[PDB]
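S.K.: Following this message is one structure expressed as structure tokens.
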Amino acid sequence: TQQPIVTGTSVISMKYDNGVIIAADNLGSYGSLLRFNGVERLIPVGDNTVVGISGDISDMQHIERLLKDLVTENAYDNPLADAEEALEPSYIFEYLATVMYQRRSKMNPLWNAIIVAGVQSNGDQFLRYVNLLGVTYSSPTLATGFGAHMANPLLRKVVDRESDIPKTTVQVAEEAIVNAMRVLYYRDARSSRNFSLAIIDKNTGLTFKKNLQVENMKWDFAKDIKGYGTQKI
Amino acid sequence: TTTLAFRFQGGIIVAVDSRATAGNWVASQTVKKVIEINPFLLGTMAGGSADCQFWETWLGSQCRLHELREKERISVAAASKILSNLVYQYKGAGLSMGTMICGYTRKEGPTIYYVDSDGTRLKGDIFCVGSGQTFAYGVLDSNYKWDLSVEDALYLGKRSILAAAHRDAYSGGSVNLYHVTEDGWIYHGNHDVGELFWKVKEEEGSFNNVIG
Amino acid sequence: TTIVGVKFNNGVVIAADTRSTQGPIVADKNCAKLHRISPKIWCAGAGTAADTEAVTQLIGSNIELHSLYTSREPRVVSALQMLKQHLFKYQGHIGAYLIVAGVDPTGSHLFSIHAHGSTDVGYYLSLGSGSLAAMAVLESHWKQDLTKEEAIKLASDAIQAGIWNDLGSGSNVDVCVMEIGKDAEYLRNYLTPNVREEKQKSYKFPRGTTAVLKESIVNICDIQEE
Amino acid sequence: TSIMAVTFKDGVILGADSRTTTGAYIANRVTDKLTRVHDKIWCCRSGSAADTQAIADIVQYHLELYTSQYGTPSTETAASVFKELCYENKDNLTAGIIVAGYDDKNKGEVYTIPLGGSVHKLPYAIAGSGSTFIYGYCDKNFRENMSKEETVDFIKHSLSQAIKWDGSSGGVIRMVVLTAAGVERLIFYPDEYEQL
Amino acid sequence: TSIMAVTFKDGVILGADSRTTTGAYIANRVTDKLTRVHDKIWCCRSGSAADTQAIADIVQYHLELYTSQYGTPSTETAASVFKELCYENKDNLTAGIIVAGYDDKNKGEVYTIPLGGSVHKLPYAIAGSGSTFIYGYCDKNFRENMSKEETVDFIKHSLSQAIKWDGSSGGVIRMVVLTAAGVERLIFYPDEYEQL
Amino acid sequence: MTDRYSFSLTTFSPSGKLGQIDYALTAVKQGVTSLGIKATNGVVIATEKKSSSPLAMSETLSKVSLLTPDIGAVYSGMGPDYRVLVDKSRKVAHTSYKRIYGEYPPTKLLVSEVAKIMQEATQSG
Amino acid sequence: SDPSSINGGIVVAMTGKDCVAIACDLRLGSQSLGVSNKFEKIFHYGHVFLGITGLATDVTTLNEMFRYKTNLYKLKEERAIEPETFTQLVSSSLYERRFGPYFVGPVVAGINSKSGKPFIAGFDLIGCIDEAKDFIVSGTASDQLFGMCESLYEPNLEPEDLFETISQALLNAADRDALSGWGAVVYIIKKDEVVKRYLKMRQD
Amino acid sequence: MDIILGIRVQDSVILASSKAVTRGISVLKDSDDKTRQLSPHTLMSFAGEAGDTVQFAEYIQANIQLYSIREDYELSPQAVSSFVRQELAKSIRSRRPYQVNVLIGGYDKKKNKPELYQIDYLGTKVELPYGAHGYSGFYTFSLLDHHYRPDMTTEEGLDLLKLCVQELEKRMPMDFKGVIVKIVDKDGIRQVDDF
Amino acid sequence: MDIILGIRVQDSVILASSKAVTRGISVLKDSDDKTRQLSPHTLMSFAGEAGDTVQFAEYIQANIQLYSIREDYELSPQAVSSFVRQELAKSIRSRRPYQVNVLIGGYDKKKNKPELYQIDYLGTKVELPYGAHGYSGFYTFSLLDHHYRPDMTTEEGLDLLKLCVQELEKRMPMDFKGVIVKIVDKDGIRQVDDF
Amino acid sequence: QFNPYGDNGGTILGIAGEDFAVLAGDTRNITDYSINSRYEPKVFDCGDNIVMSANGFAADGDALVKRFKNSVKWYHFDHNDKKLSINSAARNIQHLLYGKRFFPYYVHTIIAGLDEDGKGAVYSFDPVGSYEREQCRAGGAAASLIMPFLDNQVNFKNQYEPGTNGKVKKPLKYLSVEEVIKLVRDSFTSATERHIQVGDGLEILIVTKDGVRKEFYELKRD
Ligand SMILES: [Mg+2]
Ligand SMILES: [Mg+2]
Ligand SMILES: [Mg+2]
Ligand SMILES: [Mg+2]
Ligand SMILES: [Mg+2]
């Protein structure tokens, strides 16, 4: 049993017709102190998987090393390490899910919420969630922390069920994600303007976008707001 | 819960209710509170349902191993003490158990051992365990005799569970009856309390307070 | 509960879902959360349901008496000031969380009020367990100079976000539109996207199925003549 | 919350962020924490929103009744009324208020009233959760008798840093300028102050 | 405690105050919080003195044994050893350590390891109770590729403010300069830095 | 200070007359005429707006007052006494009825409450 | 410990075609101990019927209180109180004890004597009105009653059909609750006749 | 105190009440009468917290005796029981509630019927053929359920009461030092001096 | 369990032990023998936490019986009491201590003397002329202090024991269902079947 | 303090027919007032004509189902591909659950299939392994809403034959698979209306001698 110290906030994600998108801001908070502004919380594994992690950053870094070690280990005595016997998103997830549940069962959890986003060998979209309790679930849209409350409602308006996935293009999906990130910046006190976004497409592969910013923000209406009730000036 | 067991001329009567509750919610009305350890030994289920179920069928395994090794029926004393010694090892861990280990052997005759998760092991003639135990004790104490017939003893056990089932909110559903003889136990049926109550009320003239 | 308030061109609109719950159980599937403080000042409540209904009636009553005394139509700021000073006095023990909206001779207004007595001004607001789902929609689609038809659309879309995504919210969308120089129009069950499907079976019993002990006529009438 | 008030040559300027949080949820991102108790006596509010609003409303009442009887009150008088409420009700209040005002006789004055209910007259004052991060910056950069433009820059840069580090602070930077000329409201948006 | 490490053109400089308190009593007013784990790899310690000393001693051992086998370790390697101890024993440690070192290949590097046991490579790092008050100042005044004299002034001014506001910090400002030229210790007394 | 008049100012005279009530009725007699007529589908109440000066805006002086949405009142006698009675009548319709039953009082009961206030001014100290 | 579940018991009310039905079990207990099988929880003031679950002392107290208040109401108003009005009275009365409440779950049922409209209403312990068209439930087996009522209920049931629906709703809900049962009563209410039926049920 | 029983038979009400008074470690008395005569044909037994029991019982007694003098009339048992309930119901929300449970056994001279009321410290009143407070019912009610008849004689009621007391003496851990039994009928209140 | 008494007279040790076994609400048994024969001339009574009492007593019994077989020799009461004390003293710092208080009554055949040892669950041993555990001593010791003589006969010891039991039955709140009395002398251990 | 347990809501229902068995469950997965997934399968085919669901805390639920499926596999390896009978599976699950008696799987487990005589069988477990064969068992959030309805509509409790007035009970006539599915659907429709954690979708697994079949139905998504 511990308490999280340096933390990362929402990870948001969704499926679209040819793959998955995942995004997460670059902030490492220290309580209310916005301590670290250059933290990458999307960690790619190979060219077919991106693991998004929120919660305790020290535990994130540990998980990051496990995944790095996993790639090394898979390559051992494996002539098809970059082909048929490459790591799948489903392998990477199941491994993490095992670790998370084992650690909660020893009463010493990795204080995280994780979303594994990727594309399988047969082109199938993979998107599944796991957290410090070892709880797992899959859905056309997945989000951690504040994202669950604010991003999901917006992302679900695009893909409300399984049948909406083939109707959703990468442009529409990315637009919805980027908008959700803006909304989280407005409303999550532990978020930052800077974020990273990763697209894993079955045709165009892994596109990893760094140093993105929330833009097209509405603030002008603030000038007209005065006092808290009766004040006019 | 209400469970009882008493010794008499014709052996042992074991009688239990059938209700299981989680708070005020009635989880089940068809629970088996008599564990059939083997064809000769019976155990009652009060306190922790799992703890009673698990460890008394385990007890059946130990009793089976005993008679394979010793080529002889295990005594009720020995069988009860296997269970009591086991739970005593777990003392503090939070096992919850209140059971009567019932059997009828040559050397002992009809024997009842009250075994407890605190490690208590008591031999006795009449035992009553559960939330409705006090109600069943009343009927038992005032009507019990050693020279009861098997028919009257069975009815007494049934009636004593009914007395508890009526008053105790956490007892009811149905009554399970067993008669333990030297040649083994004999099951004497499941008796719905709802139907039994009205039947007993009319035939016995009891429960005048209740309108039927 | 999901409740929202949205300012527009010539007035303000409030909206709410229609699910009231006791823990995880749905007590009423068509609750009326839009309350009237005065003809053109309406409010929606979240938190302790008795406290919201009770505090709106009390202020609504004192507002009416104040209106009669002053020979002037009631103002939203008066309802606001009376609500907050009452709630503050009770230090949050009255668990009323309100979005107050209305029109008066001063103009159109939109405020929120929290149980400890703090108030806030805004062009768009949301309260309740589905407030985050609703606010996401409001932050995504709100703009300046909304029309009446756009504001109703936005408000109800925000409530829907709560209905679908928040377990504390559900059933229908109630809306009330308060426009300047007009009667406030209360639109009860403006949307009905959660009608229960026909059951597979009828559970009407044969008559005489229930066992009966005694029948008797109950005397509800008064003591009779003669 | 990040709030401050700074005296300068022509008077005084109050500054504040616009973020109000319930835990990690931003309940209001466009809050007006600069509140008016008299024509040229304003205050910055920090702590319990309910408490500081209730206090400010009572003060405004007291200064309105004061004015009806004895004419315009001093900034010191306003600070005393704030103090009286905060001190006497310290057990039931969580309020940190900065009082700033402009007289013609006294010019710009700033009074800070922390949790305890004590009063401290200062050349400038900083308060709220975000103030902790700018004690160093403000102490190094503050000068007395600055110009209006310099003071606006000083507040803008200060609250920019407070907002940058404090998660409880954010949104727009509101300011209110108090001088002989009158009362001027200023607003500065994220795109402006973040790049500083 | 007020501690910081700053990279510059020629390498890196570590800075620290000298105050160690037990409650409000200053147990030691001339503490050396800049500690040596290798020839040109030092660290700044904050948190439990027992814990950070125990950790530093173990690291020094590990880097001494590393050097005997594999030659001079990198600053990254030293930070990893610090992290391994802090992370794996997070339940029983209260340690906030800044690791600073000079390679010829990598030049000046700074790694901060906060409570959790995470590692963050930075151009500069600040830590300790007094650091909260200088986040604004340090962010506004830090530049990359400063000179030795500029970096000394930056640290001296920063810790001066940290000391001024933080009661837990005080005494002298110690500094250690890490460059190709070697290891230089610097000390600055209250009469010097207070008047800044 | 303190209201030291804790005794009745209206008392029975030897003849059994309550002088102050009679004198109040005399003041009513001097007052401007007002009337009421009940129809099958409504009631009408009317009075003269006796303007004290032509410079006065008689629209600002309401002799006929709404008590509830379904109840109205008019008077004859002392205007100021009427005004305060209307204020009390409006409030009592809420406090002793609407805040209890969630509806406005029936005419007879509101009248009863008004009567009670007037009776108390006839006996109280 | 929990005052609303010491004594146990349930009330359910339903609307039908030109009729309402209100029903309750008869059990009063001291937690596990059954104390009385004749503790009726439904009362009436003129043609307005009030069921009350929860802490039995308060059930009794509130019945005596509403008898008191409806009697004075009648003397002054010169007419019997209506369900809609009484509902507001129950709400007012409960909320006046906001910070020291009666631990009860009242249920109003009746037919408006002037409009002939069937009416039911429920409250929490603090006065919040639940005015459902279909049905109101209350007591220690309210969850069970919700389940029964939700599936068994259909609108516009005739009096003698409604009787079967509400009876079966109550009975089977009470049989899944340890603290409810020991007999049951069902009132079938029409505009100018009310029938009261005691049901035969298991006594455990 | 501990055990108080009540049984309403054909033509009388019988109240049995323990004699023990225990101060934690020691039994200070073994002859305590836990009952008060409220009126000639109304008897109230009581059990609960020390001091509160007697204080409450005597307070009720005084009030009923006051009523009896003022009106020159004996209140019905039902009327007395309602008064008592209200006092306890008032008490439960007080600053310091009376922790007292009572049984009211009375003979209604108007209706010529015995009546037994059971009221707990919360003000929970129930009219019963037989009743108890505390754990007494747990042991005794199964016997009373079985044997009780509404047309029992006073002698049969006493015999059923003896059986209840015997069961208590067998299975209760506490020694309650026997019971004082009193009978309430048309002729008034009398004590059975041998039990 | 509850009351255990011991008295060493001229030529024997007498142990009196209650018969009740209570499971919270109900008295499950009224004939329980709270004693074990450790050797032909050594008897141990016991009282404490449920399960632990019998488990401990039988464990001691087995060990003494094992010693008796190995050496073909009966340990002196003093030797047995020292062994028992050590086991309890070991127990008190264990993960889960035996919550058991014992009286060891023995007749030393070598010295031709009766011996009574009192040992509590902490391993606090004392040799006494008369002893008790729990609250038993509080009621009985004033009587034993007064009447006891070292040259008492067995019959006189039993009479003084009856007086102690009577005082317990009068002033103790709990019904301990009488006592089983056993006598330890040169001829061994025997039970007084009428008491 | 770290809480190793959580509540993922959900509601499951097992009904044993004459020569069949159904195990149904909603597909909604939740924490607090948020929906995690509108379709997260909860009832699983475990092989050997056995279906299983472990409702409650989904992590323990997933762990248990996984370990049981594993136990079926190893039962085949160790005992010459012998079919694991429903009664044997039930006893095995008891030991899996009781294995963690002092740090339990926070789930209410139900399995369904056919017994060795080909008759319908449902077994019901508590979190620590006490179990029983049952005819009818709802588990999870809305169990209290469903079971009374089933007592009334499956077992015909409190229902008597018209005319006799309480003297003759309604006879316990056997229900077809189509009749059971109606009662399952109506149970879940009603539970969805009155319980916030129930909704989105209903997935039913039907077990017969021919094998395991699946049926899916939409539920209200509010
Ligand atoms: Mg406050
Ligand atoms: Mg910020
Ligand atoms: Mg029941
Ligand atoms: Mg029962
Ligand atoms: Mg639902």
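By order in the structure tokens, chains are A, B, ...; within a chain, residues start at 1; ligands start at 1, following the order shown.
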Mind checking which residues fall within 8 Å of residue 20 of chain E, counting only C-alpha atoms, ignoring those fewer than 2 positions away in the same chain, and posting them as a PyMOL selection string?

M.R.: chain E and resi 1+18+22+26-29+31+168-169

S.K.: Can you write just those residues out, C-alpha atoms, as a compact mmCIF listing (two decimals), in the first residue's frame?

M.R.:
# COMPACT_ATOMS: atom_id res chain seq x y z
CA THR E 1 15.88 22.94 3.14
CA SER E 18 22.98 24.93 5.55
CA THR E 22 14.10 19.73 14.55
CA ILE E 26 17.91 24.75 14.34
CA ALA E 27 19.84 21.56 15.19
CA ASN E 28 22.66 22.47 12.79
CA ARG E 29 23.14 25.87 11.13
CA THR E 31 25.14 21.64 7.50
CA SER E 168 13.29 25.74 7.43
CA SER E 169 16.11 27.14 5.26

S.K.: Mind listing the strand (DSSP E) residues of chain E, per DSSP on the backbone, as a ChimeraX atom specification?

M.R.: /E:3-8,11-16,20-22,25-28,34-38,41-47,95-102,108-113,120-122,124-127,173-179,182-188

S.K.: Can you work out which one of D:39, D:10, D:32, D:17 has the shortest atom-to-atom distance to ligand 2, counting only C-alpha atoms and all ligand atoms?

M.R.: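 Closest to ligand 2 of all the choices is D:17.
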
S.K.: Step by step, measure atom-to-atom distances between ligand 5 and each residue using only C-alpha atoms and all ligand atoms, keep those at most 7 Å, then write them as a short mmCIF file (atom, residue, chain, number, x, y, z; two decimals) with C-alpha atoms, in the first residue's frame.

M.R.:
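The result, written out as part.cif:
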data_model
loop_
_atom_site.label_atom_id
_atom_site.label_comp_id
_atom_site.auth_asym_id
_atom_site.auth_seq_id
_atom_site.Cartn_x
_atom_site.Cartn_y
_atom_site.Cartn_z
CA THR J 192 -33.18 -1.83 -16.02
CA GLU J 193 -36.12 0.50 -15.28
CA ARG J 194 -35.56 0.59 -11.52
CA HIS J 195 -31.80 -0.02 -11.10
CA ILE J 196 -29.24 2.50 -12.42
CA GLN J 197 -26.41 -0.07 -12.77
CA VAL J 198 -28.53 -2.36 -15.00
CA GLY J 199 -28.85 -1.67 -18.75
CA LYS J 220 -32.12 0.81 -22.19
CA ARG J 221 -28.86 2.77 -22.22
CA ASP J 222 -29.75 5.52 -19.70
#

S.K.: Distance cut-off 8 Å, counting only C-alpha atoms - which residues of chain J neighbour chain B? Return them as a VMD selection string.

M.R.: chain J and resid 94 98 102 126 128 to 132 144

S.K.: Give me a file of those residues, with N, CA, C and O atoms, as an mmCIF file, in the first residue's frame.

M.R.:
data_model
loop_
_atom_site.group_PDB
_atom_site.id
_atom_site.type_symbol
_atom_site.label_atom_id
_atom_site.label_comp_id
_atom_site.auth_asym_id
_atom_site.auth_seq_id
_atom_site.Cartn_x
_atom_site.Cartn_y
_atom_site.Cartn_z
ATOM 1 N N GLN J 94 -15.846 -24.555 -5.327
ATOM 2 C CA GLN J 94 -15.851 -24.338 -3.875
ATOM 3 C C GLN J 94 -14.429 -24.222 -3.339
ATOM 4 O O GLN J 94 -14.130 -23.333 -2.540
ATOM 5 N N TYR J 98 -12.774 -21.097 -1.582
ATOM 6 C CA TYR J 98 -12.361 -21.259 -0.183
ATOM 7 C C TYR J 98 -10.843 -21.186 -0.041
ATOM 8 O O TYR J 98 -10.331 -20.867 1.033
ATOM 9 N N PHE J 102 -9.510 -16.119 3.406
ATOM 10 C CA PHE J 102 -9.094 -14.952 4.199
ATOM 11 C C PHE J 102 -8.600 -13.778 3.352
ATOM 12 O O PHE J 102 -7.960 -12.862 3.864
ATOM 13 N N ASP J 126 -21.475 -18.449 -2.747
ATOM 14 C CA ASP J 126 -21.173 -17.187 -2.072
ATOM 15 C C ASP J 126 -19.696 -16.864 -2.339
ATOM 16 O O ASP J 126 -19.016 -17.639 -3.021
ATOM 17 N N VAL J 128 -17.046 -17.029 -0.518
ATOM 18 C CA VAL J 128 -16.040 -17.884 0.128
ATOM 19 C C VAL J 128 -16.237 -19.386 -0.117
ATOM 20 O O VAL J 128 -15.495 -20.199 0.430
ATOM 21 N N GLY J 129 -17.224 -19.750 -0.940
ATOM 22 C CA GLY J 129 -17.313 -21.107 -1.478
ATOM 23 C C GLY J 129 -18.475 -21.980 -1.034
ATOM 24 O O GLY J 129 -18.588 -23.121 -1.489
ATOM 25 N N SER J 130 -19.339 -21.478 -0.155
ATOM 26 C CA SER J 130 -20.537 -22.237 0.209
ATOM 27 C C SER J 130 -21.437 -22.239 -1.012
ATOM 28 O O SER J 130 -21.671 -21.186 -1.602
ATOM 29 N N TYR J 131 -21.924 -23.416 -1.395
ATOM 30 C CA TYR J 131 -22.680 -23.559 -2.637
ATOM 31 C C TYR J 131 -23.856 -24.518 -2.521
ATOM 32 O O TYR J 131 -23.938 -25.330 -1.599
ATOM 33 N N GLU J 132 -24.754 -24.423 -3.494
ATOM 34 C CA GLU J 132 -25.954 -25.239 -3.520
ATOM 35 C C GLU J 132 -26.542 -25.313 -4.915
ATOM 36 O O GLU J 132 -26.514 -24.328 -5.657
ATOM 37 N N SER J 144 -32.292 -8.512 -5.728
ATOM 38 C CA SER J 144 -33.448 -8.302 -4.855
ATOM 39 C C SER J 144 -34.705 -7.884 -5.627
ATOM 40 O O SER J 144 -35.821 -8.116 -5.164
#

S.K.: With only C-alpha atoms and all ligand atoms counted, collect every polymer residue having an atom within 12 Å of ligand 3; state the result as an NGL selection string.

M.R.: (:B and (19-21 or 24-29 or 165-173 or 193-194)) or (:G and (8-10 or 25-29 or 31-34 or 37 or 140-141 or 144 or 170-184 or 201-204)) or (:J and (148))

S.K.: Can I get the selection written as a PDB file, in the first residue's frame, with C-alpha atoms?

M.R.:
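Below is the file that was written, part27.pdb:
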ATOM      1  CA  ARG B  19     -33.453 -19.723   5.630  1.00  0.00           C
ATOM      2  CA  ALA B  20     -30.311 -17.781   4.678  1.00  0.00           C
ATOM      3  CA  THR B  21     -30.221 -14.001   4.943  1.00  0.00           C
ATOM      4  CA  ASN B  24     -32.725  -8.087   5.977  1.00  0.00           C
ATOM      5  CA  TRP B  25     -32.551  -9.618   2.491  1.00  0.00           C
ATOM      6  CA  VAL B  26     -33.642 -13.275   2.354  1.00  0.00           C
ATOM      7  CA  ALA B  27     -30.979 -14.802   0.106  1.00  0.00           C
ATOM      8  CA  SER B  28     -32.388 -18.337   0.135  1.00  0.00           C
ATOM      9  CA  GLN B  29     -35.247 -20.373   1.612  1.00  0.00           C
ATOM     10  CA  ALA B 165     -39.236 -20.068  12.409  1.00  0.00           C
ATOM     11  CA  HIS B 166     -42.362 -18.182  13.511  1.00  0.00           C
ATOM     12  CA  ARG B 167     -40.748 -15.807  16.029  1.00  0.00           C
ATOM     13  CA  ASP B 168     -37.157 -15.476  14.759  1.00  0.00           C
ATOM     14  CA  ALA B 169     -37.075 -13.224  11.682  1.00  0.00           C
ATOM     15  CA  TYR B 170     -33.873 -14.870  10.409  1.00  0.00           C
ATOM     16  CA  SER B 171     -35.289 -18.416  10.593  1.00  0.00           C
ATOM     17  CA  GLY B 172     -37.843 -20.096   8.326  1.00  0.00           C
ATOM     18  CA  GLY B 173     -38.358 -21.385   4.788  1.00  0.00           C
ATOM     19  CA  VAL B 193     -42.970 -23.776   7.226  1.00  0.00           C
ATOM     20  CA  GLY B 194     -45.805 -21.864   5.522  1.00  0.00           C
TER      21      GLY B 194
ATOM     22  CA  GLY G   8     -39.561  -3.514   9.741  1.00  0.00           C
ATOM     23  CA  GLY G   9     -42.625  -3.580   7.507  1.00  0.00           C
ATOM     24  CA  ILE G  10     -43.804  -2.381   4.102  1.00  0.00           C
ATOM     25  CA  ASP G  25     -47.951  -6.080   6.007  1.00  0.00           C
ATOM     26  CA  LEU G  26     -48.819  -6.505   9.704  1.00  0.00           C
ATOM     27  CA  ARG G  27     -45.421  -7.179  11.296  1.00  0.00           C
ATOM     28  CA  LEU G  28     -43.904  -5.246  14.159  1.00  0.00           C
ATOM     29  CA  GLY G  29     -40.581  -6.514  15.491  1.00  0.00           C
ATOM     30  CA  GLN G  31     -34.997  -6.604  14.943  1.00  0.00           C
ATOM     31  CA  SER G  32     -35.002 -10.447  14.825  1.00  0.00           C
ATOM     32  CA  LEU G  33     -37.804 -10.842  17.390  1.00  0.00           C
ATOM     33  CA  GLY G  34     -41.356 -10.758  16.046  1.00  0.00           C
ATOM     34  CA  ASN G  37     -48.837  -9.626  13.859  1.00  0.00           C
ATOM     35  CA  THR G 140     -37.625  -2.610   4.420  1.00  0.00           C
ATOM     36  CA  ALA G 141     -38.555  -4.572   1.270  1.00  0.00           C
ATOM     37  CA  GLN G 144     -38.359  -6.137  -3.706  1.00  0.00           C
ATOM     38  CA  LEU G 170     -46.812  -7.201  -1.514  1.00  0.00           C
ATOM     39  CA  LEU G 171     -46.851 -10.909  -0.608  1.00  0.00           C
ATOM     40  CA  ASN G 172     -43.895 -12.026  -2.739  1.00  0.00           C
ATOM     41  CA  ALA G 173     -41.881  -8.959  -1.751  1.00  0.00           C
ATOM     42  CA  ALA G 174     -42.569  -9.642   1.949  1.00  0.00           C
ATOM     43  CA  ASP G 175     -41.539 -13.296   1.583  1.00  0.00           C
ATOM     44  CA  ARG G 176     -38.080 -12.105   0.454  1.00  0.00           C
ATOM     45  CA  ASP G 177     -37.724  -9.835   3.517  1.00  0.00           C
ATOM     46  CA  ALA G 178     -36.969 -11.135   7.010  1.00  0.00           C
ATOM     47  CA  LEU G 179     -38.529  -8.070   8.686  1.00  0.00           C
ATOM     48  CA  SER G 180     -41.814  -8.053   6.707  1.00  0.00           C
ATOM     49  CA  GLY G 181     -44.836 -10.380   6.637  1.00  0.00           C
ATOM     50  CA  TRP G 182     -46.829 -11.922   9.508  1.00  0.00           C
ATOM     51  CA  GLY G 183     -50.086 -11.057   7.705  1.00  0.00           C
ATOM     52  CA  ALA G 184     -51.169  -8.394   5.222  1.00  0.00           C
ATOM     53  CA  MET G 201     -49.694 -15.654   3.932  1.00  0.00           C
ATOM     54  CA  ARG G 202     -46.863 -17.699   5.463  1.00  0.00           C
ATOM     55  CA  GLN G 203     -46.200 -16.791   9.120  1.00  0.00           C
ATOM     56  CA  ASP G 204     -42.384 -16.975   9.268  1.00  0.00           C
TER      57      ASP G 204
ATOM     58  CA  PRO J 148     -39.333 -12.105  -5.739  1.00  0.00           C
TER      59      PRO J 148
END

S.K.: Which of these, H:171, H:8, H:133, H:146, has the shortest distance to chain G once you count only C-alpha atoms?

M.R.: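 Among the listed residues, the smallest separation from chain G belongs to H:133.
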
S.K.: To one decimal place, how far is atom CA of residue 158 of chain J from atom CA of residue 171 of chain J in Å?

M.R.: 11.7 Å
